[PDB]
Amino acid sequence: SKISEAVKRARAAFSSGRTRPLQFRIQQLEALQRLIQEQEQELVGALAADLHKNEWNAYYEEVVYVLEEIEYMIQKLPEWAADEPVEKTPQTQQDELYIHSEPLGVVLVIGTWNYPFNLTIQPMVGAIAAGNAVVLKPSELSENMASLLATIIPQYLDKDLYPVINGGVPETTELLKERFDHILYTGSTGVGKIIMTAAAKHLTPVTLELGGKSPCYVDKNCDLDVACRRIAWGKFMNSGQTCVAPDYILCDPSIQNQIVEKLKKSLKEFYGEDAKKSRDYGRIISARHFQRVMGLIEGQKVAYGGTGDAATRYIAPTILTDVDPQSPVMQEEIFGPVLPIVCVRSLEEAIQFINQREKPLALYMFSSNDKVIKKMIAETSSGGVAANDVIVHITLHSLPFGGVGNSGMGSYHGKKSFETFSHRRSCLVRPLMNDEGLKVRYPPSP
């Protein structure tokens, strides 16, 4: 079959030793760099057709971070790939003790649809840098990006080492029967379990980048002008279709009306009085998801927005108030421009609220008080944390990006991507000379 052959050719090319020299990897990454520069309009086009992105946010909210990752990895590769000496003991002074980094082999990257370039290519960059063959499975939901990547990747990159495989569920099930040396999966908690089950059959290590509801706690005595502007930015970009979007707000009932009004002011600033007319406002990926997000608005108190167009898959920036935690909008990942506000009367109640639910990919807190920040961090568990801003904690090379519990396992970005797509091999090199100090270990015992 097409899938079986593509994978075969990928392993055969890895087995030939082609990817081992650092210069080969760098040249593949520089080819990727040229692909992004030369196919920029095509990439914008794909994102515009899939998610209603424009040339600005297609670049500065997705593409640029791939480029920054490529530049960073090219520069750092010599340092990362070097044998790393580790601390010796008095008994191992004459020995070499070091960590040897080596490729895993054939890596499978399964992408998702909300950032269909970044979440296919940024994992790929790390895997290429680590010296792996990389099989790409882009999301079928983002049809235009999926089609484009299958076309343009083989034009710039090694055709055998880095194949693109497109398809739906059966094709993915078929792909998952193939033997890989690592699988990075970005997607749902439910399918994540299926991915790990398939990986178990070949003892394939997994990086699962999954979902959940990222809580956003707003402290009663903080600058709400700054806070709500930052929150509205993170929540409503890509029409709320961000894994690290502030899913819901936790706040004192005394500031709920103030929060509504400031989110309001920020949303008008960003997208005008009518967001349907903003070139900067996105659309829902599919009809299936449009219906889902609209269904979560039913039976709720709509403080802002609430209306949607099925033909264009537009959903107005919606703010819900006094939301019952047991209602549908607070029982699933929204992944849409619907921001529910849930009232809690203390920091302690907020911590308990977060702790009683599944561990989120991101946790957000807005507070002028640092003890509040540190207390919430120490008493909760989440993939990552950002205090007094949203989203940005995943844009920094020095901060590994990943989940915990239901939000996932493993992590990547920057050096972590190199590590994750490598095997770190402990090495002890000794002289083959008679050492009297070793005599104690040999039988007979004293």
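A residue's number is simply how far along the shown sequence it sits, counting from 1. For clarity, a rigid core is taken as the largest C-alpha set superposing within 1.5 Å between two forms.
### Query
Core-superposed in 4 other deposited structures of this protein, which stretch deviates more in Cα positions, 222-230 or 167-175?
Relative to the shown form, the greater RMS C-alpha distance in 4 other deposited structures of this protein belongs to 167-175.
### Query
Of the two stretches 433-441 and 18-26, which shows the higher Cα B-factor on average in the entry?
Of 18-26 and 433-441, the stretch with the higher C-alpha B-factor average is 433-441.
### Task
Would you tell me which stretch averages the higher CA B-factor in the PDB entry, 307-315 or 234-242?
According to the entry, 307-315 carries the higher average C-alpha B-factor.
### Query
Highest Cα B-factor in the deposition, which of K159, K137, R179, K268?
When the deposited C-alpha B-factors of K159, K137, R179, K268 are compared, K268 is largest.
### Task
Quick one: which of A275, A133, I99, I153 shows the highest Cα temperature factor in the PDB entry?
Highest C-alpha B-factor among the listed residues goes to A275.
#### Entry: Third assignment of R357 from its chain's C-alpha B-factors
According to the entry, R357 has a C-alpha B-factor in the chain's middle third.
### Message
Ranking the modelled residues of this chain by C-alpha B-factor as given in the entry, is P103 in the lowest, middle or highest third?
### Response
Lowest third, going by the recorded CA B-factors of the chain.
### Task
Going by the recorded CA B-factors, say which third of the chain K201 sits in, lowest, middle or highest.
It belongs to the lowest third of the chain when residues are ordered by C-alpha B-factor.
### Task
Among all modelled residues of this chain, ranked by Cα B factor, put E209 in the bottom, middle or top third, i.e. lowest, middle or highest.
Answer is lowest: the recorded C-alpha B-factor places it there.
### Third of chain Cα B-factors occupied by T186
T186: CA B-factor falls in the lowest third of its chain.
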